[PDB]
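What follows is one structure encoded as structure tokens, with my remarks underneath.
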Amino acid sequence: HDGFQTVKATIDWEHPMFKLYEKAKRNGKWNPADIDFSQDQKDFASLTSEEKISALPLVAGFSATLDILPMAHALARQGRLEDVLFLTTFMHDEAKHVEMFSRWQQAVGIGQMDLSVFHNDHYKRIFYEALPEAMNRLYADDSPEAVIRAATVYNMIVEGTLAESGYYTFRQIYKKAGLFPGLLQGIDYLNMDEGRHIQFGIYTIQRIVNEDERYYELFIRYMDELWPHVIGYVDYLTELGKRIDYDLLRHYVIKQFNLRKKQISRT
Amino acid sequence: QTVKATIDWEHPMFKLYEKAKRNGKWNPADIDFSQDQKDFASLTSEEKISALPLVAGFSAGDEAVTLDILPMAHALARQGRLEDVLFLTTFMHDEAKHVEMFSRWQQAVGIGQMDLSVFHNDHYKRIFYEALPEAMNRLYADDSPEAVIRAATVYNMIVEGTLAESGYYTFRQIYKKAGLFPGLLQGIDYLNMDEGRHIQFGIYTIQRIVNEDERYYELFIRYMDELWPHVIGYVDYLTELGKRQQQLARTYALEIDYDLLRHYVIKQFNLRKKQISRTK
Ligand SMILES: CCCCCCCCCCCCCCCC(=O)O
Ligand SMILES: CCCCCCCCCCCCCCCC(=O)O
Ligand SMILES: [Fe+2]
Ligand SMILES: [Fe+2]
Ligand SMILES: [Fe+2]
Ligand SMILES: [Fe+2]
Ligand SMILES: [Mn+2]
Ligand SMILES: [Mn+2]
């Protein structure tokens with residue numbers, strides 16, 4: 001350490017990531033331990049076994065360990081105190097996301113099911129390969145390019161495209177049916193958390209584009225490199241369920257993906 | 001069915017995570033600092049500096065540990081200790097709020113542009129600028145029992161368990177007694193509660209490692225004593241600063257017993273050693 005900002009100066013109170021950190025503290029007090037899951041257990045019990053099986057592929061998607069931590073290292077190493085302050089709320093959010101799904105699986109009795117079997121090739125290419133490789137790269141390579149790639153795979157694709165669509169899917173299937181109210185309450189808290197996360201992704205990608213516009217084009221190319229595995233995983237889930245409007249859900253994915261591109265401007 | 005569950009609900013560090021969530025909802029943005037600002041204004045310029053060395057110690061220290069906890073969370077996730085990692089997210093968020101609280105107090109009392117670094121002497125720099133980050137960053141390449149005990153000893157048992165605990169006692173002994181800085185002390189009391197969980201994580205980490213090989217207990221003691229000369233060396237310098245700017249003690253009829261505080265620092269240090277046993 002050469003020195004410390006809160007000794008020489010203050011926190012940059014006007015920094016957008018400090019203002020995002022404040023929002024996270026106000027809006028992130030929810031606790032998975034407070035959610036009533038007893039109705040969810042009775043709803044899963046009340047399902048024929050045909051209906052129990054059809055829910056597992058989508059739930060299997062969410063069963064995927066502080067994925068953002070290397071970004072917190074890289075940005076701390078650069079002296080971005082406000083970002084680090086925000087990223088402590090990002091990490092705690094993700095601990096609560098693992099907690100909520102774990103508790104819900106326990107309540108409905110599938111926490112010991114090996115849900116891995118519903119991860120096809122395209123899923124694994126995103127969650128087993130591109131996400132951890134892009135984030136871990138940042139411990140050795142913190143370049144403008146490496147940071148945009150990390151934020152694209154994780155914040156714009158994994159959170160901003162796939163998770164968003166999964167949450168919308170959960171409301172479209174179960175909220176309408178009046179099923180699984182504890183799960184849906186959890187989903188709504190996760191969806192609010194993930195909004196701040198996507199905003200950190202957008203801000204990170206953009207303060208870089210405000211440097212050099214060549215990177216805006218890296219952003220699009222990286223977004224486009226991953227698209228075949230987003231839609232390839234979506235199609236596999238579509239196929240399994242048909243064996244609930246699957247064509248408006250595939251359209252929501254496409255909608256979300258192009259909407260992520262539009263939140264980064266060239267100027 | 002057929003696989004192990006994701007989370008061990010009974011693990012001691014999951015229990016600690018659940019308490020951090022329940023007990024850790026305070027927000028520095030809620031603290032009323034308007035009486036502090038009025039208290040600081042009314043001080044003579046001699047009285048406006050007797051508190052600043054300690055604030056300097058805490059602002060930097062809280063900043064340092066916010067940056068420097070990240071390797072421990074890396075190492076423990078790599079060892080598959082999911083429940084520890086869940087707990088360490090509350091630990092990390094706690095420390096960001098501690099840095100926030102101190103910066104807000106500096107900002108509110110009008111000293112936001114003042115460079116408080118000058119109150120970091122040589123021994124302060126050797127712990128917070130130097131030994132803390134080195135021990136923690138080591139865990140990126142070397143996550144052995146030995147490296148983990150050293151990190152948890154410098155961070156939890158010395159920095160939190162000795163220096164910070166003693167700093168909080170100092171604050172209550174001088175400013176709570178005088179009725180100064182009511183917002184700062186409200187923060188102090190919040191920080192003190194959080195830090196109980198942080199020391200407990202250090203105790204549990206250090207102990208689970210000693211329970212495997214007893215040779216590590218002795219490493220622990222040696223690391224504790226290696227750090228002591230810079231602990232007491234920083235404490236002696238702050239003592240020297242207070243004895244020389246006695247105007248705020250005079251004004252508020254405070255008998256500041258610098259030897260009582262020095263004994264508290266010695267107590268805390270011997271007490272952190274005692275909370276680790278050779279056997280178990
Ligand atoms: C069954 C209908 C299929 C159509 C909708 C497909 C979208 C589902 C996406 C589920 C994957 C979400 C993965 C969680 C990401 C994370 O770890 O934050
Ligand atoms: C005159 C007696 C001096 C007593 C010692 C005072 C110590 C000052 C505080 C500096 C340490 C702060 C470390 C922060 C710990 C954390 O944020 O986890
Ligand atoms: Fe997220
Ligand atoms: Fe395919
Ligand atoms: Fe602490
Ligand atoms: Fe000395
Ligand atoms: Mn999440
Ligand atoms: Mn602290």
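All residue names refer to the structure tokens as shown: chains lettered A, B, ... in order, residues numbered from 1 in each chain, ligands numbered from 1 in order.
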Can I get the residues close to ligand 1 as a count of residues only, where close means within 9 Å and we count only C-alpha atoms and all ligand atoms? 57
When you get a sec, could you note down which chain A residues fall within 9 Å of chain B, using only C-alpha atoms, as a PyMOL selection string? chain A and resi 1-11+22+25-26+29+31+33+65-66+69-70+72-73+76-77+81+84-89+91-96+98-99+102-103+106+110-114
Hey, what does DSSP flag as alpha helix (DSSP H) within region 63-110 of chain A? Can you give it to me as a PyMOL selection string? chain A and resi 69-77+81-108
Just the selected residues (N, CA, C and O atoms), exported as a compact mmCIF listing (two decimals), in the first residue's frame, please.
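Written file, again.txt:
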# COMPACT_ATOMS: atom_id res chain seq x y z
N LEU A 69 -15.73 -12.49 -7.59
CA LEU A 69 -14.56 -12.19 -6.77
C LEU A 69 -13.31 -11.76 -7.55
O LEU A 69 -12.65 -10.79 -7.14
N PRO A 70 -12.92 -12.39 -8.66
CA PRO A 70 -11.70 -11.91 -9.35
C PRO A 70 -11.85 -10.49 -9.87
O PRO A 70 -10.88 -9.72 -9.90
N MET A 71 -13.06 -10.11 -10.26
CA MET A 71 -13.28 -8.72 -10.65
C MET A 71 -13.08 -7.80 -9.45
O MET A 71 -12.58 -6.68 -9.58
N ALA A 72 -13.46 -8.25 -8.25
CA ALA A 72 -13.25 -7.40 -7.09
C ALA A 72 -11.75 -7.20 -6.81
O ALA A 72 -11.31 -6.10 -6.47
N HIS A 73 -10.96 -8.26 -6.98
CA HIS A 73 -9.50 -8.15 -6.89
C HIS A 73 -8.94 -7.18 -7.91
O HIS A 73 -8.17 -6.26 -7.57
N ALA A 74 -9.30 -7.37 -9.18
CA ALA A 74 -8.69 -6.56 -10.22
C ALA A 74 -9.00 -5.09 -9.97
O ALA A 74 -8.11 -4.24 -10.05
N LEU A 75 -10.25 -4.77 -9.63
CA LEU A 75 -10.61 -3.37 -9.43
C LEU A 75 -10.01 -2.80 -8.15
O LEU A 75 -9.63 -1.63 -8.11
N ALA A 76 -9.92 -3.60 -7.09
CA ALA A 76 -9.20 -3.11 -5.91
C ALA A 76 -7.75 -2.80 -6.24
O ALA A 76 -7.20 -1.79 -5.80
N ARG A 77 -7.13 -3.67 -7.04
CA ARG A 77 -5.73 -3.47 -7.41
C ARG A 77 -5.55 -2.14 -8.16
O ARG A 77 -4.47 -1.54 -8.12
N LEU A 81 -11.91 2.29 -5.19
CA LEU A 81 -12.48 2.04 -3.87
C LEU A 81 -13.99 1.90 -3.94
O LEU A 81 -14.56 0.97 -3.35
N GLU A 82 -14.64 2.75 -4.75
CA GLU A 82 -16.10 2.78 -4.77
C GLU A 82 -16.66 1.53 -5.41
O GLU A 82 -17.62 0.95 -4.90
N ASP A 83 -16.02 1.07 -6.46
CA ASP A 83 -16.40 -0.19 -7.08
C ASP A 83 -16.33 -1.35 -6.08
O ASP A 83 -17.16 -2.27 -6.10
N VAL A 84 -15.24 -1.40 -5.35
CA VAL A 84 -15.03 -2.48 -4.38
C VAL A 84 -16.12 -2.42 -3.33
O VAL A 84 -16.73 -3.44 -3.00
N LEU A 85 -16.45 -1.21 -2.87
CA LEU A 85 -17.54 -1.06 -1.92
C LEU A 85 -18.81 -1.64 -2.48
O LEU A 85 -19.46 -2.46 -1.81
N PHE A 86 -19.15 -1.30 -3.73
CA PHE A 86 -20.31 -1.92 -4.35
C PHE A 86 -20.15 -3.44 -4.50
O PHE A 86 -21.10 -4.20 -4.30
N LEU A 87 -19.00 -3.89 -4.98
CA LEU A 87 -18.90 -5.33 -5.19
C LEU A 87 -19.02 -6.14 -3.88
O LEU A 87 -19.42 -7.30 -3.97
N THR A 88 -18.80 -5.56 -2.67
CA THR A 88 -19.09 -6.37 -1.48
C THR A 88 -20.60 -6.67 -1.41
O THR A 88 -20.99 -7.74 -0.95
N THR A 89 -21.46 -5.77 -1.90
CA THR A 89 -22.88 -6.11 -1.89
C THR A 89 -23.21 -7.12 -2.98
O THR A 89 -24.11 -7.93 -2.82
N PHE A 90 -22.48 -7.08 -4.09
CA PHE A 90 -22.69 -8.05 -5.17
C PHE A 90 -22.41 -9.46 -4.65
O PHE A 90 -23.22 -10.39 -4.80
N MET A 91 -21.29 -9.62 -3.95
CA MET A 91 -20.91 -10.92 -3.43
C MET A 91 -21.89 -11.43 -2.39
O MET A 91 -22.18 -12.62 -2.34
N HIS A 92 -22.38 -10.54 -1.52
CA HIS A 92 -23.32 -10.98 -0.50
C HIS A 92 -24.66 -11.38 -1.13
O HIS A 92 -25.24 -12.41 -0.76
N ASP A 93 -25.11 -10.62 -2.13
CA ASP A 93 -26.25 -11.01 -2.95
C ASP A 93 -26.12 -12.42 -3.46
O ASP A 93 -27.11 -13.16 -3.51
N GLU A 94 -24.94 -12.78 -3.98
CA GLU A 94 -24.81 -14.10 -4.58
C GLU A 94 -24.74 -15.21 -3.53
O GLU A 94 -25.12 -16.35 -3.81
N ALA A 95 -24.22 -14.91 -2.35
CA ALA A 95 -24.35 -15.85 -1.26
C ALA A 95 -25.82 -16.08 -0.94
O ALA A 95 -26.26 -17.22 -0.72
N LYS A 96 -26.63 -15.02 -0.94
CA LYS A 96 -28.05 -15.23 -0.66
C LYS A 96 -28.77 -15.93 -1.81
O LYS A 96 -29.80 -16.56 -1.59
N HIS A 97 -28.26 -15.84 -3.02
CA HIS A 97 -28.93 -16.53 -4.12
C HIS A 97 -28.70 -18.03 -4.01
O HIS A 97 -29.64 -18.82 -4.13
N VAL A 98 -27.46 -18.43 -3.72
CA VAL A 98 -27.18 -19.84 -3.41
C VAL A 98 -28.00 -20.30 -2.21
O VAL A 98 -28.50 -21.43 -2.18
N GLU A 99 -28.09 -19.48 -1.18
CA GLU A 99 -28.86 -19.87 -0.01
C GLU A 99 -30.33 -20.11 -0.36
O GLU A 99 -30.91 -21.11 0.06
N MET A 100 -30.96 -19.17 -1.09
CA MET A 100 -32.40 -19.27 -1.36
C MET A 100 -32.72 -20.54 -2.14
O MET A 100 -33.63 -21.30 -1.78
N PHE A 101 -31.97 -20.82 -3.20
CA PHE A 101 -32.26 -22.02 -3.96
C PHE A 101 -32.00 -23.28 -3.13
O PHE A 101 -32.76 -24.25 -3.20
N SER A 102 -30.95 -23.26 -2.30
CA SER A 102 -30.66 -24.42 -1.47
C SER A 102 -31.79 -24.69 -0.50
O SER A 102 -32.23 -25.84 -0.37
N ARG A 103 -32.32 -23.64 0.13
CA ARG A 103 -33.43 -23.79 1.06
C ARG A 103 -34.71 -24.24 0.37
O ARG A 103 -35.49 -25.02 0.94
N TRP A 104 -34.94 -23.75 -0.85
CA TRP A 104 -36.14 -24.16 -1.58
C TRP A 104 -36.03 -25.61 -2.02
O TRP A 104 -36.98 -26.38 -1.85
N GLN A 105 -34.88 -26.01 -2.54
CA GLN A 105 -34.68 -27.42 -2.84
C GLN A 105 -34.90 -28.30 -1.60
O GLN A 105 -35.47 -29.39 -1.68
N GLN A 106 -34.42 -27.86 -0.45
CA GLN A 106 -34.66 -28.64 0.76
C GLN A 106 -36.15 -28.76 1.04
O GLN A 106 -36.66 -29.85 1.30
N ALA A 107 -36.86 -27.64 0.98
CA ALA A 107 -38.28 -27.68 1.31
C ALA A 107 -39.06 -28.60 0.38
O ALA A 107 -40.01 -29.27 0.82
N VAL A 108 -38.72 -28.65 -0.92
CA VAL A 108 -39.49 -29.47 -1.84
C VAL A 108 -38.84 -30.84 -2.06
O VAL A 108 -39.37 -31.64 -2.84
For residue 219 (chain A), list every protein, DNA or RNA residue within 12 Å, evaluated using only C-alpha atoms, and leave out those in the same chain fewer than 6 positions away; present the list as number ranges by chain. A: 144-153, 156-157, 201-202, 204-206, 208-209, 212-213, 225-226, 260-266
Using only C-alpha atoms and all ligand atoms, what table do you get, as a Markdown table, when you list each residue of chain B with an atom no more than 10 Å from ligand 6, its nearest pair of atoms, and their distance in Å rounded to one decimal, rows by chain then rising number?
| residue | atom | partner | partner_atom_place_in_ligand_line | distance |
| --- | --- | --- | --- | --- |
| B:121 | CA | ligand 6 | 1 (Fe) | 8.6 |
| B:122 | CA | ligand 6 | 1 (Fe) | 7.1 |
| B:123 | CA | ligand 6 | 1 (Fe) | 6.7 |
| B:229 | CA | ligand 6 | 1 (Fe) | 8.2 |
| B:230 | CA | ligand 6 | 1 (Fe) | 7.6 |
| B:232 | CA | ligand 6 | 1 (Fe) | 8.9 |
| B:233 | CA | ligand 6 | 1 (Fe) | 5.4 |
| B:234 | CA | ligand 6 | 1 (Fe) | 7.8 |
| B:236 | CA | ligand 6 | 1 (Fe) | 8.5 |
| B:237 | CA | ligand 6 | 1 (Fe) | 8.2 |
Can you tell me which residues sit at most 9 Å away from ligand 5, counting only C-alpha atoms and all ligand atoms, written as a VMD selection string? chain B and resid 62 65 to 66 91 to 92 94 to 95 98 155 to 156 159 to 161 164 191 to 192 194 to 199
Counting only C-alpha atoms and all ligand atoms, what are the residues, protein, DNA or RNA alike, that approach ligand 4 to within 8 Å? I want them as a list in words. residues 121, 122, 229, 232 and 233 of chain A
Those same residues - N, CA and C atoms - I'd like them written as a compact mmCIF listing (two decimals), in the first residue's frame.
# COMPACT_ATOMS: atom_id res chain seq x y z
N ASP A 121 -24.76 -29.67 -23.57
CA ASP A 121 -23.48 -29.16 -24.06
C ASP A 121 -23.40 -27.64 -23.97
N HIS A 122 -24.44 -26.94 -24.44
CA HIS A 122 -24.37 -25.48 -24.56
C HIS A 122 -24.36 -24.79 -23.20
N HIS A 229 -24.74 -20.47 -27.81
CA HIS A 229 -24.92 -21.34 -26.66
C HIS A 229 -26.06 -20.90 -25.74
N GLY A 232 -28.84 -22.29 -27.93
CA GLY A 232 -28.74 -23.74 -27.90
C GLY A 232 -29.16 -24.36 -26.57
N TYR A 233 -28.94 -23.65 -25.47
CA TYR A 233 -29.43 -24.15 -24.19
C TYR A 233 -30.94 -23.93 -24.08
Between A:259, A:179, A:254, A:192, single out the one closest to residue 37 (chain A), counting only C-alpha atoms. A:179
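Counting only C-alpha atoms and all ligand atoms and comparing B:256, B:41, B:188, B:108, the residue that lies closest to ligand 8 is B:188.
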Separation of CA of residue 260 (chain B) and CA of residue 170 (chain B), in Å?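 Atom-to-atom, CA of residue 260 (chain B) and CA of residue 170 (chain B) are spaced 9.7 Å apart.
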